[PDB]
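Peer 1: No sequence on hand, only this structure:
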RNA sequence: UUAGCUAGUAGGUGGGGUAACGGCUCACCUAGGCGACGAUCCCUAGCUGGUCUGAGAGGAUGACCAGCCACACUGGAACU
RNA sequence: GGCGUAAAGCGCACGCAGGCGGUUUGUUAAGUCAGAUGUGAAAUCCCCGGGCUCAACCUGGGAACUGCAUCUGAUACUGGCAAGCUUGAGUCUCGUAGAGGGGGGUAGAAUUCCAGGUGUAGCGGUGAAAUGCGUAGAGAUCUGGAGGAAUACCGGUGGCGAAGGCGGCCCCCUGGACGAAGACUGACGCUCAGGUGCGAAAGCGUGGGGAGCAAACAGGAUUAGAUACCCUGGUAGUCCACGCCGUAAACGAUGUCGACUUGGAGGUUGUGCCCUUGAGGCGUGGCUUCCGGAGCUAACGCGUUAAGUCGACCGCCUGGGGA
Ligand SMILES: Nc1nc2c(ncn2[C@@H]2O[C@H](COP(=O)(O)OP(=O)(O)NP(=O)(O)O)[C@@H](O)[C@H]2O)c(=O)[nH]1
Ligand SMILES: [Mg+2]
Ligand SMILES: [Mg+2]
Ligand SMILES: [Mg+2]
Ligand SMILES: [Mg+2]
Ligand SMILES: [Mg+2]
Ligand SMILES: [Mg+2]
Ligand SMILES: [Mg+2]
Ligand SMILES: [Mg+2]
Ligand SMILES: [Mg+2]
Ligand SMILES: [Mg+2]
Ligand SMILES: [Mg+2]
Ligand SMILES: [Mg+2]
Ligand SMILES: [Mg+2]
Ligand SMILES: [Mg+2]
Ligand SMILES: [Mg+2]
Ligand SMILES: [Mg+2]
Ligand SMILES: [Mg+2]
Ligand SMILES: [Mg+2]
Ligand SMILES: [Mg+2]
Ligand SMILES: [Mg+2]
Ligand SMILES: [Mg+2]
Ligand SMILES: [Mg+2]
Ligand SMILES: [Zn+2]
C-alpha cells in the first residue's frame, strides 16, 4: 500500500559486458553502529573533515556546547541543516542502541 | 448404587478396622449373615448381632492385636460386572494358604480349606487376607 | 479399564 | 403444577380413596394434565428452552411410568391409555 | 473413510430331478428374507493337529510329518 | 496400565437398544458346581523305561490334550417365574429462598445529537506534540427535546441454572432445587454407543435499528521503515426479529451415580426444642469456601464436596513431529 517488499535474496553474481562484476543487495533496513567510538562518526562525513579543530574546546558534543564552529558553518549556510539535524540523530541513536549491551 | 452390597460390606469393614473404630453397623441381609458367621468362626471378627425386622441392621464387633489391624486387607474377587467361578481343584489360596477364600457352594458358605473335604466348587466371594 | 468396554472393542494392537 | 382444586380432584377421580395418591396411575394423570396445560405456552414461547427442559423431563418421566404398568398388568394399562387419550 | 442387502431371493403347493433330503429345477401362490450379536462390499489368507516364543495367561506362524479341502496352461461342458 | 497439571473425561443434558441391580419366601435347575459315560486320530511335548558303543535320534506304556456332547445329582449365589416387603427411587400437602427462562411495560443518571440563553480564545489530546475542532461563538454552564444501549451503590470464593451462562424496578406465563409433618405406590432403578436438543463470542442469510465503542480504512505523531503501539475520526459489527453456523483455556484443565472413613474456621439456607428471660442457648438437614490428620499421589497438592478405600456403567489415550 505504501511500503516496499524485499523479494530478491542476498547476492547473485554476474559480469559486465566490459569488465567487473555486480553484487545485488537485500532489502535492508538495519543500522549497525557497534563498530567504533563516536570520534569515528566525525570522520564519517566529507565536508566535516575541513571544519574540525575550529571550535572553542578541544572536545565538543557540538549540540549543547557554546561556540561550536561546525554549528556556525550550518548557520552560515555552507552546510545544509538537514545534514546537521540528522547528524545529532545519529548521536542520539547511539544513546538508544547501546542500552542493553553488544560486543563481537 | 448399592448393586454390590457385599462390596459395600467389605468397604465398611476395611474402614473401621483401619480407623480404630470399636464397632460398626450396616443393613443386614441373608447373604451378609452367611459371610460374617464364617469370619467369626475363623478368628477374624468377634461377634455379630441383628437388630430390626422391617429394617434389618447387622452389627460387627471389630478385633485388634495391640491396636493393630487384624484384617490387614480384603479383596472382592467376583463382582456383578464379571462373575468368577472355579472348580473343586481350581480353588485359589490366599497368601499361599495363610489367608482363606470365602466360597459359597450348595452346601453353604465355607472356606477353600473346608471345601477340600466337601469336594465342590462355585463362586469366590472375597480373599480374606 | 472396564471389562464390559472391551466386549465391544478389544485392545488395539499396534 | 396446578392449583389445589385441580390436584385433589384428579386424585379422587382415578384413586380408590383420598389416600390413593402415590400410585402409578395417579402419577401419570398428574403429568398428562400438565403437558396438556403447557400446549399453548410453548407455542408462543418457543425461545424458552429452559422451561422446555422441565417439559421434556415430565415427558420422559411419564414414559417410564407407562412402561411399569405395561410390564406388570396390561388390564389397567389399556384402561388408562384411552381414558387420557394416549398411544397416538 | 462399507449400512442397508436380496426376485429363484424367503416360504408354500404340485410337477421334474439326483444314490439320498432340499429353489436342486420349473409353473403358480405369498412378501417376505438377511442385518449393528457386522448383513453386504473391499482387501488379504489354504486350514488344523502343531511348531517357536513366554513363569503362566497370551503372542507370532502353518516348511519337513500327519488329517482334510481346493487346484493340474486359461475357461466351459459332458461321457465312461 | 492410565486420563487435576506428563498423551488422554466428549461443552452439557435427555434417552432407546446393551450392561447392571435393594430386601423376604417359594419354584425352575438356565448359568455355575459334583459324578459318570462317549469323544478329544496318530505323531509332537511331559513321566518312567528300552535300544542304536554314546548323544542326537528311534520307540513301549502312562500322563496330558485344561475341549465338546449327554445323563444323574446338589440349590448357597446369579438368571427365569410367583407372591411380597420398604431403607432405594417416586407422589400429595404446608412452606421458604433465588440475577432460572420467555413475553410486555416503565424509571432515572450518563453519553451523543438538536433547539434556546448567558458567555470568550482556546478547547481537545499526549511522555512531549500534532492531526482534528472553535470568533458562523467552540469548549464550559443552564433550560427544553429526541434517539440508542447498559443497569452505579446494593454486591459479597454471595445466590440460581445441566452447562455456556444469568443483575434497574413492576406485572403476566412457566421451570427446577430444598426443608418440616405424615399419608401413599412398591425396585417403578442406575447408566449410556448411535439418535435427540441446548450451547460464550466472532462470522453468514433476510429485513429493520444506530448513541457510544470499534476490524478494514482515513489522518497525525512515533520510527530505519509504523503496517502495530499512541492520538483524532470512522464502516462492517455490537441492538431487534427471523434462520443458519455448533466451534473456545466451553476449566473445578477432575464423566455420571451410590456407600463408608478424625476433624476445625466460616458463609448461605431452613427446621426442632428452650429461665421467648436480646437479633440469643441447644441440636439438626440443603448449598459453599479456606485450612488440615490418617491415607493416597511423581511432586504440586487432594484430603467427608477426594485426587482415600470400593462398586455400577460410559467416553478417551499409546513417543515427539508429520497431524
Ligand atoms: N515506473 C517505473 N517503475 C520502475 C522503474 N524501475 C523499476 N520499476 C519497478 O519497480 C518495481 C521494483 O523493482 P525491483 O527491481 O524488483 O526492486 P528491488 O529493489 O529489486 N526489490 P528487492 O528489494 O526485492 O530486491 C518493479 O515492479 C519495477 O518494474 C522505473 O524507472 N520506472
Ligand atoms: Mg414452584
Ligand atoms: Mg417341491
Ligand atoms: Mg494367495
Ligand atoms: Mg500333505
Ligand atoms: Mg504407564
Ligand atoms: Mg497434557
Ligand atoms: Mg465439562
Ligand atoms: Mg495322538
Ligand atoms: Mg501314543
Ligand atoms: Mg513320543
Ligand atoms: Mg546311554
Ligand atoms: Mg432370586
Ligand atoms: Mg443522558
Ligand atoms: Mg402396601
Ligand atoms: Mg456477510
Ligand atoms: Mg489505533
Ligand atoms: Mg448482521
Ligand atoms: Mg475443542
Ligand atoms: Mg484451579
Ligand atoms: Mg499430615
Ligand atoms: Mg486440604
Ligand atoms: Mg502418532
Ligand atoms: Zn563544536
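Peer 2: Arrived safely. Numbers count the residues shown, from 1 in each chain, chains lettered A, B, ... in the order given. Ligands and ions are numbered 1, 2, ... in the order given.
Peer 1: tell me, how many neighbours does residue B:115 end up with?
Peer 2: Using other Cβ atoms under 10 Å in any protein chain shown, residue B:115 has 19 neighbouring residues. C-beta here means a position set from N, CA and C on the backbone, and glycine is covered the same way.
Peer 1: again with the one 5 residues further on
Peer 2: Residue B:120 sits with 15 neighbouring residues when counted by other Cβ under 10 Å.
Peer 1: Name the surrounding residues that touch the helix or strand where residue D:32 lies.
Peer 2: Taking DSSP states H and E as the criterion, the element that holds residue D:32 is helix D:24-37. The list of residues contacting helix D:24-37 from outside it, by Cβ atoms under 8 Å, 6 or more residues apart in numbering or on different chains, reads D:1-2, D:6-7, D:10-11, D:13-15, D:20, D:55, D:58-59, D:61-62, D:65-66, D:68-69, D:76, D:80, D:84, D:86.
Peer 1: Distance of the nearest residue to residue A:4 once chain neighbours are set aside relative to chain B?
Peer 2: Taking Cβ to Cβ, 6 or more residues apart in numbering or on different chains, and ignoring the residues beside it in sequence, residue A:4 has residue A:27 as its nearest neighbour in space, at 6.7 Å. Going from residue A:27 to chain B by Cβ to the nearest Cβ, to the nearest Å gives 70 Å.
Peer 1: Could you find the residue in chain D that comes nearest to ligand 24?
Peer 2: residue D:47 (80.1 Å; Cβ to the ion).
Peer 1: What residues of the helix or strand residue D:60 falls within count as buried?
Peer 2: When elements are assigned from DSSP H and E, residue D:60 belongs to helix D:49-72. By 16 or more other Cβ atoms under 10 Å in any protein chain shown, the buried positions in helix D:49-72 come out as D:55, D:58, D:62, D:65, D:66, D:69.
Peer 1: Just the residues contacting it, thanks.
Peer 2: Residues lying outside helix D:49-72 but in contact with it, judged by Cβ under 8 Å, 6+ apart, are D:24-25, D:27-28, D:31-32, D:34-35, D:38, D:41-42, D:45, D:76-77, D:80-81, D:86.
Peer 1: Just the buried residues from those, in PyMOL please.
Peer 2: For selection in PyMOL, the members of the contacts of helix D:49-72 meeting the burial criterion (16+ other Cβ under 10 Å) are listed in this command:
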select buried, chain D and resi 25+27+28+31+32+34+38+77+80+81
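Peer 1: and the contacts of helix D:49-72 near RNA strand F, which?
Peer 2: Here is what survives when the contacts of helix D:49-72 are matched to RNA strand F using Cβ under 7 Å from any atom of the strand: D:24, D:27, D:34, D:38, D:41, D:45.
Peer 1: most centrally placed residue in chain B?
Peer 2: In chain B, the centroid-proximal residue (Cα atoms, centre = their mean) is residue B:35; its distance is 4.8 Å.
Peer 1: Now do the same contact list for it.
Peer 2: Counting by Cβ under 8 Å, 6+ apart, the residues that residue B:35 touches are B:6, B:9, B:102, B:109, B:125, B:126.
Peer 1: can you tell me how far it sits from residue B:19?
Peer 2: According to Cβ to Cβ, to the nearest Å, residue B:35 and residue B:19 sit 21 Å apart.
Peer 1: Over to residue D:15?
Peer 2: According to Cβ to Cβ, residue D:15 and residue B:19 sit 50 Å apart.
Peer 1: more crowded one of these two?
Peer 2: Residue environment comparison for residue D:15 versus residue B:19 gives the larger neighbour count to residue D:15, 16 against 9, counting by other Cβ under 10 Å.
Peer 1: My guess is the more buried one contacts residue D:21. True?
Peer 2: Yes. With the criterion set as Cβ atoms under 8 Å, residue D:15 and residue D:21 qualify as a contacting pair; they are 6.2 Å apart.
Peer 1: Could you look up the SS state of the residue nearest the centre of chain C?
Peer 2: Most central in chain C under Cα atoms, centre = their mean is residue C:6, positioned 2.6 Å from the mean C-alpha point. Look at residue C:6: counting by DSSP: H, G, I helix; E, B strand; the rest coil, its state is helix.
Peer 1: Then the one 5 residues further on?
Peer 2: Local secondary structure at residue C:11 is given as coil here, using three-state DSSP.
Peer 1: what number of residues lie near it?
Peer 2: 5.
Peer 1: Tell me the spacing between residue A:53 and residue A:44.
Peer 2: Residue A:53 sits 17 Å away from residue A:44, going by Cβ to Cβ.
Peer 1: How about stretch B:97-112, which residues are buried there?
Peer 2: With the criterion 16+ other Cβ under 10 Å, stretch B:97-112 contains buried residues B:99, B:100, B:101, B:102, B:103, B:104, B:105, B:109, B:110, B:111, B:112.
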